[PDB]
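Line order of the protein sequences matches chains D, C, O, N and P. Going by the authors' numbering, the first sequence opens with residue 5, and the numbers climb by one from there. Going by the authors' numbering, the second sequence opens with residue 188, and the numbers climb by one from there. Going by the authors' numbering, the third sequence opens with residue 1, and the numbers climb by one from there. Going by the authors' numbering, the fourth sequence opens with residue 1, and the numbers climb by one from there. Going by the authors' numbering, the fifth sequence opens with residue 78, and the numbers climb by one from there. By construction, the Cβ of each residue, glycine as well, lies at the ideal position given by its N, Cα and C atoms. Below you'll find the structure, written out as C-alpha cells, and then a few comments.
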Amino acid sequence: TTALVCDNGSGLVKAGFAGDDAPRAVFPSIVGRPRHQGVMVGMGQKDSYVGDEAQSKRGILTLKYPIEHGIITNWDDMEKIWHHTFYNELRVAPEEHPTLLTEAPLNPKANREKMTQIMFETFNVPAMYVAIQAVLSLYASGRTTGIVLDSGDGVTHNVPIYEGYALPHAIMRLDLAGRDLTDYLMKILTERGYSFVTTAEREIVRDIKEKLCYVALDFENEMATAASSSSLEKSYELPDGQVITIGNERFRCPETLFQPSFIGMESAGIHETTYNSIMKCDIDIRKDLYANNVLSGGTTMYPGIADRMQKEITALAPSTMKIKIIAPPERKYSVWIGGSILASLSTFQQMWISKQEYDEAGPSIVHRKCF
Amino acid sequence: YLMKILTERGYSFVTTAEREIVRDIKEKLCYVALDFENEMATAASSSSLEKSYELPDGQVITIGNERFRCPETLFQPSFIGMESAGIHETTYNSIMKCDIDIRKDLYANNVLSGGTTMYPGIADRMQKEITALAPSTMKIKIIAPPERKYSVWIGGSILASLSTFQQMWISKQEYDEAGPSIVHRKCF
Amino acid sequence: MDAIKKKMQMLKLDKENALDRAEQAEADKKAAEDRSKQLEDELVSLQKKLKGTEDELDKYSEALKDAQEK
Amino acid sequence: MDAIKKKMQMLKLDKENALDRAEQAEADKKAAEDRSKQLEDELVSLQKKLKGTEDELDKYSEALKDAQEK
Amino acid sequence: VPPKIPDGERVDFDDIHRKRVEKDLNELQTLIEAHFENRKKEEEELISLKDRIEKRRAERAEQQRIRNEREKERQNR
Ligand SMILES: Nc1ncnc2c1ncn2[C@@H]1O[C@H](COP(=O)(O)OP(=O)(O)O)[C@@H](O)[C@H]1O
Ligand SMILES: [Mg+2]
C-alpha cells in the first residue's frame with residue numbers, strides 16, 4: 005500500500021497519494037455555518053458547509069478559518085476538515101494508509117501532540133509522521149543545500165540547510181503572511197470608496213490580490229511614477245458587476261512583505277531577515293547558502309519577487325559573493341511534492357511512528373527521537 | 188534563548204519592547220539546577236516547579252521546565268550552537284594555563300562577579316563542576332559576595348579613593364601632545 | 001493562449017542554465033589566468049636569482065687565481 | 001502576434017550569446033592551463049640548475065677561504 | 078533527545094530530471110494537441126452552424142412576412 009501525503013497547511017488543504025507529481029485535491033480550509041434561519045423545508049439542509057462548498061454559497065455563511073497562524077485554534081473545525089478530506093474528497097478509508105502531516109517550525113508542542121492524538125484515536129491511521137514544511141520544500145527542488153523561505157499563508161519561516169544538516173539556531177519566523185496581506189489590501193481599498201467588511205468578501209479581496217497585485221522592483225520610483233500618470237490603472241469585476249479600478253494600491257499590498265512598518269510590525273522585511281539568518285550561520289557555509297537561496301510557498305508567487313528580493317539581498321550582501329534565487333514555476337505545490345518524494349523513499353519507511361510505540365509511550369512520542 | 192524557547196508553550200514575544208518583559212521574567216523566575224538530568228526527569232513528571240507570572244496587561248503565564256533550562260546554557264553552550272565549552276570548563280582551562288605553582292591558590296580563591304551570576308543556585312553548581320574537573324585533593328572555594336551586581340563599581344570607587352592612584356590619570360596635556368592613542372601607552 | 005506560456009517558460013529555463021554556465025566558465029578562466037601570471041612572475045624572479053648566483057660564482061672564480069698566486 | 005514571437009527570438013539569441021561566450025572562455029581556460037603547466041616544468045628544471053649553481057658556488061667559496069687563509 | 082535518522086544510501090536532486098524533463102516536452106506537446114483539436118472541433122463547426130441557423134432564421138422571417146400579410150389582407154374590414 006501507499007501512504008497519504010496530506011499537507012493541511014493554512015489556507016489551502018492539499019492532498020494526494022504518495023508517488024504522484026501533483027496533489028489530487030486542493031481546496032480552501034474554511035468551515036462556514038449559516039447565520040440566518042431558513043424557511044424552506046426538505047431542502048437537504050446541512051449544518052456546516054466545509055471545503056470547496058463554502059466558496060460557492062458563501063453569501064449565507066460565516067466563513068471561519070480553523071488555523072490562524074500555523075497553530076490550530078478551532079479543533080472541531082480542523083477535525084471536520086480532516087474527515088471531509090479523507091472520506092469525501094479521496095474516498096479512501098484511513099485505516100489502511102499511513103499519513104505524513106506537515107507543521108510549521110517553532111510551533112507550540114500542544115499542536116503536534118493533539119494532532120497525533122486525533123490521528124491515532126479518531127481516524128485510527130496505522131502510522132503518522134510530522135515533517136517541517138521547509139525540509140520538504142528543499143526535498144522537492146532536488147537540491148540538498150540552501151536557505152528556503154517558505155512564506156505560507158499563515159506564517160513565513162526561513163530555514164537554512166547545509167549538506168542535509170539542519171541548523172536549529174538560525175531559523176527566522178514571522179507572523180506576516182498572506183492573510184495579513186489580504187487584510188491590509190482590504191483596508192487600503194477603502195481609500196477609493198470600496199468598502200469590504202463581511203468575511204465572505206475577504207475571498208473576493210483575495211481573488212483581487214491574486215489576479216492583480218505585483219511586487220515592484222523599486223517601491224519609491226514606481227509610486228512616484230504611478231501617482232502622476234495613469235498607466236497602472238487596472239479594472240476588475242466583482243461577482244455582481246460594479247467594475248472597480250485599482251491604481252497605486254496594486255503594489256502597496258505586497259510591499260508589506262519587504263517593509264512591515266506599514267501594518268505596525270516591528271520586525272524587518274523578508275529581504276533582510278533572510279540575510280540576518282544567513283549571518284547567524286557558520287562563516288564557512290555562507291557561500292553555498294548565497295548561491296542556493298530557494299523560494300517556496302504560495303505567498304512568494306507574486307510576479308516580480310524573485311528580482312526585488314535578489315536586488316535587496318545583493319545590496320545587503322558583500323560585493324564578491326554571487327546571489328542566486330531559485331524559484332521554480334510550481335512553488336505553490338512544492339511542499340506536497342517534497343512530501344510525495346519523501347514518502348516514496350525506502351530509507352524513510354522505518355521512521356513511521358507505529359501505533360504500538362504510541363500506546364506504550366503516550367502522545368509525547370512525536371517530541372522524542374521519532375521526529 | 189528564553190524568548191525562543193517560550194514559543195514552545197504558546198506565548199510569542201517578538202517586538203523589542205517585549206524583550207524587556209522576557210528579561211524581567213528571566214530575572215524573577217529562573218534558577219540554576221544542581222544536577223540537570225534528574226531535575227529534567229522530575230520536572231517532566233511532577234508538577235512542583237511550574238510557576239506563574241503576571242504580564243503587564245494581565246494574562247498570567249505558567250512556565251515549567253523553562254525555569255532551569257535557560258540558565259543551563261551557561262554550563263552547556265551547545266544549545267545555541269556555540270562551539271566553546273561552558274563557564275565551568277573555561278574557568279578550569281584558564282586556571283590550567285597558569286603556572287604550576289599558583290594553581291592551588293586560584294583553586295581555593297575563585298571569585299564570582301557580574302549581574303548574570305545572580306541566579307539562585309549557581310555557586311553550588313559551579314563548585315560541583317569544578318570539583319569534577321579539578322584534582323580531587325585540592326580544596327575548592329567559590330567566593331560569592333551578596334553584592335555581586337555592584338562589585339565592579341565598588342572596586343572602582345575604592346580605586347578612585349587611593350592616594351597612590353593620583354598620578355595614574357591621563358593628563359589632558361598628554362592627550363593634546365600625543366592624541367587619543369595615549370591610552371595604549373604605559374598610561375593604561 | 002496557454003502552450004505559449006509553457007514554451008516561454010521552457011526557453012527561459014534554457015537561458016538561465018546557459019547564462020549560469022557562461023558565468024562559471026568566465027570565473028574559472030579568470031582564476032587560471034591569475035595562476036599563470038603568478039607562475040611567470042616567479043619564473044622570472046628565479047632567473048634573476050640564478051643570474052646573480054652565477055655572477056658571484058664568476059667573481060669567486062676570478063678571485064681563485066689571486067688565491068693561487070698568493 | 002508580434003510581441004511574444006520577437007521576445008522568444010530575443011531569448012534564444014541571448015542564450016546562444018551566453019553559449020558562445022562560454023565556449024571561448026573554456027578554450028582560453030585550457031590554453032592558460034597548458035601555459036601554466038609548461039611554466040611549471042621550466043621552473044622545476046631552472047630550480048634544479050639553481051641548486052647546482054649554489055652548491056658549486058659553495059665549494060668555490062670554500063676553496064677561496066682555504067687558499068686565501070693559507 | 079532530538080530524533081536520530083537511520084543512515085540510508087541515496088539519492089536526492091536526481092529525481093528533478095525524472096519529474097521535470099518529462100513534462101518539459103510531453104506536457105507542451107499534449108497541450109498543443111489539445112488546443113489544435115479543440116480549435117478544429119469548435120471554431121469552424123460553430124461558424125458553420127451559426128450560418129445554418131441564420132439561413133433558417135431568414136426562412137422563418139419570410140414565412141412570418143407571408144402569413145402576416147395574407148392575414149392582414151383578409152382581416153382588413
Ligand atoms: N498566484 C498567486 N499570486 C499571489 N498570491 C497568491 C497566489 N496564489 C496564492 N497566493 C496567496 O498564498 C496563499 C496560499 O498559500 P499556501 O502556500 O496555500 O499556504 P499554505 O502554506 O497554508 O498552503 C493564499 O492565501 C494567497 O493569499
Ligand atoms: Mg505551506
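Asked	Found
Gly13 (chain D) CB to nearest heavy atom of ligand 1 below 6 Å	yes
Coil, strand or helix - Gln41 (chain D) by DSSP	coil
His161 (chain D) in three-state terms, based on DSSP	strand
Under 8 Å by beta carbon: chain N residues contacting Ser61 (chain O)	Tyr60
Under 7 Å from the C-beta of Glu195 (chain C): neighbouring residues of chain D	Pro112 and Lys113
Helix, strand or coil at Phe352 (chain D) according to DSSP, with G and I counted as helix	helix
Euclidean distance between Cα positions of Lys315 (chain C) and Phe352 (chain D)	43 Å
Proximal residues, the segment 2-21 of chain O versus chain P, C-beta separation under 7 Å	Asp2, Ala3, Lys6, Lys7 and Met10
Under 7 Å between C-beta atoms of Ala131 (chain D) and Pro102 (chain D)	yes
For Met132 (chain D): DSSP bridge partner residues	D:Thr103 and D:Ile357
Where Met1 (chain N) falls, given that 16 or more other Cβ within 10 Å makes a residue buried	exposed
Whether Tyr143 (chain D) touches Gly342 (chain D) by CB criterion (7 Å)	yes
Chain-ordered neighbours of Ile109 (chain P) on chain O, where CB pairs are closer than 8 Å	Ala3
CB of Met190 (chain C) within 7 Å of CB of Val209 (chain C), strictly	yes
Residue environment, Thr278 (chain D), which counts as buried when at least 16 other CB atoms sit within 10 Å	buried
Exposure label - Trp86 (chain D); buried when at least 16 CB within 10 Å	buried
Buried or exposed (CB count within 10 angstroms, at least 16 for buried), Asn103 (chain P)	exposed
Cβ distance (whole Å) where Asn280 (chain C) is taken to contact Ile329 (chain C) below 8 Å	Incorrect: roughly 17 Å between the Cβ atoms, too far for contact.
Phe266 (chain C): first and last residue of the uninterrupted beta strand (DSSP E) it sits in	Neither: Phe266 (chain C) is in no beta strand (DSSP E) and is coded neither H nor E.
Residue range of the alpha helix (DSSP H) that includes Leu346 (chain C)	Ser338 to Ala347
Collapsed DSSP secondary structure at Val370 (chain D) in the structure displayed	coil
Proximity test, Cβ basis, 7 Å: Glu69 (chain N) and chain O	no
Reference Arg97 (chain P), options D:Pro367, D:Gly366 and D:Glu334, closest by Cα	D:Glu334
Euclidean distance between Cα positions of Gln360 (chain C) and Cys374 (chain C)	13 Å
Candidates C:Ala231, C:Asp288, C:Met283 and C:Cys217: closest to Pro307 (chain C) by CA position	C:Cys217
Interface flag, residue 79 (chain O) vs chain N, CB-CB below 7 Å	The first residue shown for chain O is 1 and the last is 70, placing residue 79 (chain O) beyond what the model contains.
Selection from C:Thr318, C:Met283, C:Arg312 and C:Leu346 that minimises the alpha carbon distance to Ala331 (chain C)	C:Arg312
Members of the segment 246-275 of chain D near chain C, C-beta cut-off 7 Å	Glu270 and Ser271
Under 7 Å between C-beta atoms of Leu94 (chain D) and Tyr133 (chain D)	no
Reduced DSSP category for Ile287 (chain C) - H, G, I as helix; E, B as strand; rest coil	coil
Buried or exposed by the 16-neighbour rule on C-beta atoms within 10 Å, applied to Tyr337 (chain C)	exposed
Whether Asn115 (chain D) touches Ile175 (chain D) by CB criterion (7 Å)	no
Beta-carbon proximity check, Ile282 (chain C) vs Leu293 (chain C), cutoff 7 Å	yes
Contact test: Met305 (chain D) Cβ vs ligand 1 heavy atom, cutoff 6 Å	yes
Residue of D:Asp211, D:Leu320 and D:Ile192 minimising C-alpha distance to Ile267 (chain D)	D:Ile192
Contact under 7 Å by Cβ, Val159 (chain D) with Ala138 (chain D)	no
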